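To start, the structure under review is shown below, and the notes come after it.
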Amino acid sequence: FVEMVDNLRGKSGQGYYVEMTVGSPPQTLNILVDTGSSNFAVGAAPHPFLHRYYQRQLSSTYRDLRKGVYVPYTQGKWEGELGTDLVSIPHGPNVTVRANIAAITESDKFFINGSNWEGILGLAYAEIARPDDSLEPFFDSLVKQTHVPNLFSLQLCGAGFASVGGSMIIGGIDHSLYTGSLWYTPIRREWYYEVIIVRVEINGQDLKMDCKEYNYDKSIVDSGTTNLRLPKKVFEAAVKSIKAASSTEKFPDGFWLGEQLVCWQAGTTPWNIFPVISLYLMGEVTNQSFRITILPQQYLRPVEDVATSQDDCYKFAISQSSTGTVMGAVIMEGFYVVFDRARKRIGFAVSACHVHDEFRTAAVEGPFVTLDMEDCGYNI
Ligand SMILES: C[C@]1(c2cc(/C=C(\F)c3ccc(C#N)cn3)ccc2F)N=C(N)S[C@@]2(C(=O)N3CCOCC3)C[C@H]21
């Protein structure tokens, strides 16, 4: 799948996007890859933040669905007009499909000032599509209309001390993007890419919580979120343990809450005082799990645009949640992640591009024996 390697671009903290074309003749747009939503939604009006936008009046293949949609989020929102058009991915499979497109005509706190993307490719399932599950997501249309296999994989390559990159392999797996073996965890339910965490360790020390807390009220894999978000109670325990592990240096309380940065002299970040973080995931077999481990290089994120400082500044990118665990870019930048929809499972392997040092690397290890893993899932 050499044609698709390195087909993702982005800037630190602004997301990973793929080039797409919409309409006839084709209009090229940069589109954020989002496993945490299920709409294909593109700027269609001259918002000043946008490099370009979808001009339906130029497309002979545009079809109006004569239906609008209003999509509010916890902060910000977008509103759009639904239709269909022909869509292709230049550095993807050599096909064209007719897909739903939400033409965004009003938004707030949605587009990012300074970013180079103009829309979002929601790769999750129809149950969470807006306005309802009758709006077929893009990937469903792709698979239905072509012979592309029903899976995709993501290698998100992060940065350290602004340009990120990676690969979205559509319809398969490229073995050059990972080392070791893939380990799979079941997709618990096809809405978000929902998974079940069965154990959490900080530098190998179990947090010893009731594992339902780790998945209250869900745990998901989301390329459209930067942080590792943890349920409030889990975040409290995790930070207590990370604070203790890292206690040879003291930091203001506000740093751990994401309320302020911490800066060090260039090149002197003390990586070794910060612990590794391990999530054990439900395995494929009864009573079997595996673990994924990330480094501070993943969860301490460089902040480049700090005019008021001259040093190397970082943001703590593990944060508390009210929506469950969110394995965002902090997790995904450590791994090659296989969204094996056909077999309702997600594979993890150590990413051949993840950021590490000479002493520690990200890891995917198993098998481990874990009992009562079904009890870890939350039910209303
Ligand atoms: C559509 C939405 C969304 C995402 C985004 C994503 C980004 F801006 C972004 C930025 C940096 C990085 C990195 N590294 C990655 N992504 C930018 C805008 C944006 F809207 N998608 C999400 N995954 S989070 C989101 C949300 O709250 N939900 C809950 C309801 O179900 C769908 C997702 C805000 C939603």
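Chain labels A, B, ... are given in the sequence in which chains occur in the structure tokens; within each chain residues are numbered consecutively from 1, and ligands are likewise numbered from 1 in the order shown.
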
Spatial neighbours of segment 325-337 of chain A, max dist 6 Å, only C-alpha atoms, sep filter under 5 positions, as a JSON list (two decimals) with C-alpha atoms, in the first residue's frame:
[["chain", "number", "residue", "atom", "x", "y", "z"],
["A", 153, "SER", "CA", -5.25, 1.61, 9.86],
["A", 154, "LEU", "CA", -3.69, 4.76, 11.28],
["A", 155, "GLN", "CA", -0.07, 5.64, 12.04],
["A", 156, "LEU", "CA", -0.03, 9.12, 13.63],
["A", 157, "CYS", "CA", 3.56, 10.42, 13.97],
["A", 158, "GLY", "CA", 3.94, 13.10, 16.63],
["A", 178, "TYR", "CA", 5.00, -1.18, 12.95],
["A", 219, "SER", "CA", -13.74, 4.12, 26.63],
["A", 220, "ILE", "CA", -13.04, 5.04, 23.01],
["A", 221, "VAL", "CA", -10.22, 5.39, 20.47],
["A", 222, "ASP", "CA", -10.41, 8.93, 19.02],
["A", 223, "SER", "CA", -7.95, 10.42, 16.51],
["A", 225, "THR", "CA", -8.87, 14.32, 20.42],
["A", 226, "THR", "CA", -5.36, 15.34, 21.51],
["A", 227, "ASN", "CA", -5.34, 14.17, 25.10],
["A", 228, "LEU", "CA", -5.61, 10.95, 26.99],
["A", 229, "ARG", "CA", -8.80, 11.77, 28.84],
["A", 230, "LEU", "CA", -9.58, 9.70, 31.96],
["A", 231, "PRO", "CA", -12.74, 9.53, 34.11],
["A", 298, "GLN", "CA", 3.57, 11.07, 24.41],
["A", 299, "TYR", "CA", 1.75, 12.74, 27.30],
["A", 347, "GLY", "CA", -5.26, -3.88, 16.71],
["A", 348, "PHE", "CA", -2.31, -2.16, 18.37],
["A", 349, "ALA", "CA", 1.37, -2.52, 17.53],
["A", 350, "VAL", "CA", 4.42, -0.44, 18.43],
["A", 351, "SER", "CA", 4.64, 2.36, 15.88],
["A", 354, "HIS", "CA", 6.86, 6.89, 17.71],
["A", 362, "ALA", "CA", 6.43, 2.42, 23.76]]

Which residues are close to residue 368 of chain A, i.e. within 8 Å by only C-alpha atoms, leaving aside same-chain residues fewer than 2 positions away? Reply as a PyMOL selection string. chain A and resi 288-290+366+370

Every residue of segment 96-322 of chain A that DSSP places in alpha helix (DSSP H), as an MDAnalysis selection string: chainID A and resid 138:145 232:245 253:256 296:299

Go ahead and save the residues from that selection, with C-alpha atoms, as a PDB file, in the first residue's frame.
ATOM      1  CA  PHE A 138     -18.307   7.740   4.345  1.00  0.00           C
ATOM      2  CA  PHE A 139     -16.462   4.518   5.137  1.00  0.00           C
ATOM      3  CA  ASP A 140     -19.700   2.516   4.988  1.00  0.00           C
ATOM      4  CA  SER A 141     -20.359   3.980   1.525  1.00  0.00           C
ATOM      5  CA  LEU A 142     -16.798   3.239   0.401  1.00  0.00           C
ATOM      6  CA  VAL A 143     -17.067  -0.438   1.399  1.00  0.00           C
ATOM      7  CA  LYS A 144     -20.584  -0.865   0.007  1.00  0.00           C
ATOM      8  CA  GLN A 145     -19.714   0.663  -3.363  1.00  0.00           C
ATOM      9  CA  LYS A 232     -12.457  12.011  36.945  1.00  0.00           C
ATOM     10  CA  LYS A 233     -11.921   9.405  39.687  1.00  0.00           C
ATOM     11  CA  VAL A 234      -9.344   7.602  37.573  1.00  0.00           C
ATOM     12  CA  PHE A 235      -7.587  10.827  36.695  1.00  0.00           C
ATOM     13  CA  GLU A 236      -7.352  11.712  40.415  1.00  0.00           C
ATOM     14  CA  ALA A 237      -5.671   8.394  41.222  1.00  0.00           C
ATOM     15  CA  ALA A 238      -3.437   8.460  38.148  1.00  0.00           C
ATOM     16  CA  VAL A 239      -2.111  11.953  38.878  1.00  0.00           C
ATOM     17  CA  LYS A 240      -1.468  11.078  42.521  1.00  0.00           C
ATOM     18  CA  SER A 241       0.663   8.168  41.323  1.00  0.00           C
ATOM     19  CA  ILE A 242       2.446  10.149  38.571  1.00  0.00           C
ATOM     20  CA  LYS A 243       3.158  12.965  41.053  1.00  0.00           C
ATOM     21  CA  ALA A 244       4.732  10.463  43.438  1.00  0.00           C
ATOM     22  CA  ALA A 245       6.768   8.727  40.739  1.00  0.00           C
ATOM     23  CA  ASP A 253      -0.448  21.943  41.133  1.00  0.00           C
ATOM     24  CA  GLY A 254      -1.826  23.821  38.125  1.00  0.00           C
ATOM     25  CA  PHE A 255       0.531  22.016  35.755  1.00  0.00           C
ATOM     26  CA  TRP A 256      -1.127  18.658  36.480  1.00  0.00           C
ATOM     27  CA  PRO A 296       6.154  10.987  28.814  1.00  0.00           C
ATOM     28  CA  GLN A 297       7.195  11.861  25.269  1.00  0.00           C
ATOM     29  CA  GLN A 298       3.574  11.074  24.406  1.00  0.00           C
ATOM     30  CA  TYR A 299       1.747  12.739  27.301  1.00  0.00           C
TER      31      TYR A 299
END

Give the residues close to ligand 1, within 8 Å, counting only C-alpha atoms and all ligand atoms; write them as a ChimeraX atom specification. /A:12-16,32-39,73-78,109-112,120,122,128,158,192,222-227,328-330

Neighbours of segment 48-56 of chain A within 9 Å (only C-alpha atoms; same-chain residues fewer than 4 positions away dropped), as a ChimeraX atom specification? /A:22-23,27-30,42-44,60,62,103-104,111-119

Extract, using only C-alpha atoms, all DNA, RNA and protein residues at most 10 Å from residue 200 of chain A, discarding same-chain residues fewer than 3 positions from it, and format them as a PDB file with N, CA, C and O atoms, in the first residue's frame.
ATOM      1  N   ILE A 197     -10.947  -1.141  28.942  1.00  0.00           N
ATOM      2  CA  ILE A 197      -9.690  -1.141  29.684  1.00  0.00           C
ATOM      3  C   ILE A 197      -9.900  -1.984  30.929  1.00  0.00           C
ATOM      4  O   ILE A 197     -10.880  -1.791  31.651  1.00  0.00           O
ATOM      5  N   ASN A 203       4.184   3.234  35.922  1.00  0.00           N
ATOM      6  CA  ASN A 203       5.474   2.596  36.153  1.00  0.00           C
ATOM      7  C   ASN A 203       5.299   1.199  36.758  1.00  0.00           C
ATOM      8  O   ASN A 203       5.976   0.819  37.713  1.00  0.00           O
ATOM      9  N   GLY A 204       4.359   0.430  36.191  1.00  0.00           N
ATOM     10  CA  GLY A 204       4.104  -0.935  36.625  1.00  0.00           C
ATOM     11  C   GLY A 204       3.314  -1.092  37.907  1.00  0.00           C
ATOM     12  O   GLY A 204       3.036  -2.234  38.311  1.00  0.00           O
ATOM     13  N   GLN A 205       2.915   0.000  38.550  1.00  0.00           N
ATOM     14  CA  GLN A 205       2.130  -0.055  39.773  1.00  0.00           C
ATOM     15  C   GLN A 205       0.655   0.056  39.416  1.00  0.00           C
ATOM     16  O   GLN A 205       0.188   1.103  38.949  1.00  0.00           O
ATOM     17  N   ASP A 206      -0.073  -1.023  39.654  1.00  0.00           N
ATOM     18  CA  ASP A 206      -1.514  -1.046  39.460  1.00  0.00           C
ATOM     19  C   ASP A 206      -2.186   0.059  40.282  1.00  0.00           C
ATOM     20  O   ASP A 206      -1.859   0.276  41.456  1.00  0.00           O
ATOM     21  N   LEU A 207      -3.128   0.773  39.653  1.00  0.00           N
ATOM     22  CA  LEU A 207      -3.956   1.729  40.383  1.00  0.00           C
ATOM     23  C   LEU A 207      -4.977   1.042  41.281  1.00  0.00           C
ATOM     24  O   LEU A 207      -5.521   1.678  42.185  1.00  0.00           O
ATOM     25  N   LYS A 208      -5.307  -0.212  41.013  1.00  0.00           N
ATOM     26  CA  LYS A 208      -6.099  -1.016  41.932  1.00  0.00           C
ATOM     27  C   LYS A 208      -7.516  -0.494  42.079  1.00  0.00           C
ATOM     28  O   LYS A 208      -8.148  -0.687  43.115  1.00  0.00           O
ATOM     29  N   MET A 209      -8.034   0.170  41.062  1.00  0.00           N
ATOM     30  CA  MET A 209      -9.418   0.596  41.107  1.00  0.00           C
ATOM     31  C   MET A 209     -10.315  -0.497  40.584  1.00  0.00           C
ATOM     32  O   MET A 209      -9.888  -1.365  39.830  1.00  0.00           O
ATOM     33  N   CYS A 211     -12.354  -1.907  37.988  1.00  0.00           N
ATOM     34  CA  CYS A 211     -12.074  -1.615  36.590  1.00  0.00           C
ATOM     35  C   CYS A 211     -13.260  -0.995  35.860  1.00  0.00           C
ATOM     36  O   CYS A 211     -13.069  -0.447  34.772  1.00  0.00           O
ATOM     37  N   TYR A 214     -12.600   2.616  35.047  1.00  0.00           N
ATOM     38  CA  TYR A 214     -11.799   2.937  33.870  1.00  0.00           C
ATOM     39  C   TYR A 214     -12.640   3.155  32.622  1.00  0.00           C
ATOM     40  O   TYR A 214     -12.154   3.756  31.653  1.00  0.00           O
ATOM     41  N   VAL A 234     -10.553   8.255  38.051  1.00  0.00           N
ATOM     42  CA  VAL A 234      -9.344   7.602  37.573  1.00  0.00           C
ATOM     43  C   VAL A 234      -8.244   8.620  37.397  1.00  0.00           C
ATOM     44  O   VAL A 234      -7.073   8.367  37.727  1.00  0.00           O
ATOM     45  N   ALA A 238      -4.577   8.516  39.052  1.00  0.00           N
ATOM     46  CA  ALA A 238      -3.437   8.460  38.148  1.00  0.00           C
ATOM     47  C   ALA A 238      -2.459   9.592  38.418  1.00  0.00           C
ATOM     48  O   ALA A 238      -1.246   9.379  38.435  1.00  0.00           O
ATOM     49  N   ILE A 277       2.987   4.865  31.335  1.00  0.00           N
ATOM     50  CA  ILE A 277       1.577   4.632  31.619  1.00  0.00           C
ATOM     51  C   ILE A 277       1.135   3.440  30.789  1.00  0.00           C
ATOM     52  O   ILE A 277       1.338   3.415  29.571  1.00  0.00           O
ATOM     53  N   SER A 278       0.568   2.439  31.455  1.00  0.00           N
ATOM     54  CA  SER A 278       0.139   1.207  30.804  1.00  0.00           C
ATOM     55  C   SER A 278      -1.366   1.054  30.939  1.00  0.00           C
ATOM     56  O   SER A 278      -1.913   1.208  32.033  1.00  0.00           O
ATOM     57  N   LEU A 279      -2.017   0.756  29.820  1.00  0.00           N
ATOM     58  CA  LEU A 279      -3.415   0.375  29.774  1.00  0.00           C
ATOM     59  C   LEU A 279      -3.486  -1.073  29.339  1.00  0.00           C
ATOM     60  O   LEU A 279      -2.967  -1.423  28.281  1.00  0.00           O
ATOM     61  N   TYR A 280      -4.100  -1.904  30.157  1.00  0.00           N
ATOM     62  CA  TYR A 280      -4.393  -3.270  29.754  1.00  0.00           C
ATOM     63  C   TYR A 280      -5.737  -3.264  29.072  1.00  0.00           C
ATOM     64  O   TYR A 280      -6.712  -2.742  29.618  1.00  0.00           O
ATOM     65  N   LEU A 281      -5.795  -3.858  27.895  1.00  0.00           N
ATOM     66  CA  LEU A 281      -7.015  -3.913  27.127  1.00  0.00           C
ATOM     67  C   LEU A 281      -7.553  -5.340  27.094  1.00  0.00           C
ATOM     68  O   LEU A 281      -6.793  -6.319  27.104  1.00  0.00           O
ATOM     69  N   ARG A 291      -1.214  -5.410  27.030  1.00  0.00           N
ATOM     70  CA  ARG A 291      -1.021  -4.065  27.555  1.00  0.00           C
ATOM     71  C   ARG A 291      -0.283  -3.204  26.555  1.00  0.00           C
ATOM     72  O   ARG A 291       0.572  -3.683  25.805  1.00  0.00           O
ATOM     73  N   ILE A 292      -0.705  -1.948  26.500  1.00  0.00           N
ATOM     74  CA  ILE A 292      -0.038  -0.917  25.725  1.00  0.00           C
ATOM     75  C   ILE A 292       0.557   0.075  26.726  1.00  0.00           C
ATOM     76  O   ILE A 292      -0.059   0.371  27.756  1.00  0.00           O
ATOM     77  N   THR A 293       1.779   0.532  26.449  1.00  0.00           N
ATOM     78  CA  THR A 293       2.520   1.410  27.346  1.00  0.00           C
ATOM     79  C   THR A 293       3.029   2.620  26.571  1.00  0.00           C
ATOM     80  O   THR A 293       3.606   2.461  25.489  1.00  0.00           O
TER      81      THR A 293
END

From segment 161-268 of chain A, collect each residue whose DSSP state is strand (DSSP E) and return the set as a count of residues only. 37

May I have the residues within 7 Å of residue 312 of chain A as an MDAnalysis selection string, using only C-alpha atoms and disregarding those fewer than 4 positions away in the same chain? chainID A and resid 263:266

Mind writing the picked residues with N, CA, C and O atoms as an mmCIF file, in the first residue's frame?
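This is the output file selection-v9.cif:
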data_model
loop_
_atom_site.group_PDB
_atom_site.id
_atom_site.type_symbol
_atom_site.label_atom_id
_atom_site.label_comp_id
_atom_site.auth_asym_id
_atom_site.auth_seq_id
_atom_site.Cartn_x
_atom_site.Cartn_y
_atom_site.Cartn_z
ATOM 1 N N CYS A 263 8.236 24.706 31.737
ATOM 2 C CA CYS A 263 9.279 24.912 30.742
ATOM 3 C C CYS A 263 10.626 24.471 31.310
ATOM 4 O O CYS A 263 10.858 24.531 32.521
ATOM 5 N N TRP A 264 11.489 23.973 30.429
ATOM 6 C CA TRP A 264 12.857 23.616 30.771
ATOM 7 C C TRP A 264 13.796 24.216 29.736
ATOM 8 O O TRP A 264 13.399 24.486 28.596
ATOM 9 N N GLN A 265 15.058 24.401 30.145
ATOM 10 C CA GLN A 265 16.092 24.823 29.208
ATOM 11 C C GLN A 265 16.167 23.840 28.046
ATOM 12 O O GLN A 265 16.069 22.625 28.235
ATOM 13 N N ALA A 266 16.336 24.372 26.837
ATOM 14 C CA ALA A 266 16.260 23.542 25.641
ATOM 15 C C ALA A 266 17.180 22.334 25.748
ATOM 16 O O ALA A 266 18.344 22.451 26.138
#

Quick one: residues within 8 Å of residue 303 of chain A, only C-alpha atoms counted, chain neighbours fewer than 4 positions away excluded, as a PyMOL selection string? chain A and resi 312-315

Residues of the last selection are to be written out with N, CA, C and O atoms, as a short mmCIF file (atom, residue, chain, number, x, y, z; two decimals), in the first residue's frame.
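New file result_32.cif:
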data_model
loop_
_atom_site.label_atom_id
_atom_site.label_comp_id
_atom_site.auth_asym_id
_atom_site.auth_seq_id
_atom_site.Cartn_x
_atom_site.Cartn_y
_atom_site.Cartn_z
N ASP A 312 11.88 25.54 26.29
CA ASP A 312 11.06 24.42 25.81
C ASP A 312 9.91 24.18 26.79
O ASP A 312 10.12 23.64 27.88
N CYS A 313 8.70 24.56 26.39
CA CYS A 313 7.53 24.48 27.25
C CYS A 313 6.62 23.32 26.85
O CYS A 313 6.48 22.99 25.67
N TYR A 314 5.99 22.73 27.85
CA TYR A 314 5.16 21.55 27.66
C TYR A 314 3.84 21.69 28.41
O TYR A 314 3.77 22.34 29.45
N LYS A 315 2.82 21.04 27.87
CA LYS A 315 1.50 20.90 28.47
C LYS A 315 1.29 19.44 28.87
O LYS A 315 1.59 18.53 28.09
#

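For the atom pair formed by atom CA of residue 167 of chain A and atom CA of residue 8 of chain A, the distance is 5.3 Å, given to one decimal.
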
Nearest-residue call for residue 360 of chain A, choices A:68, A:92, A:131, A:275, using only C-alpha atoms: A:275
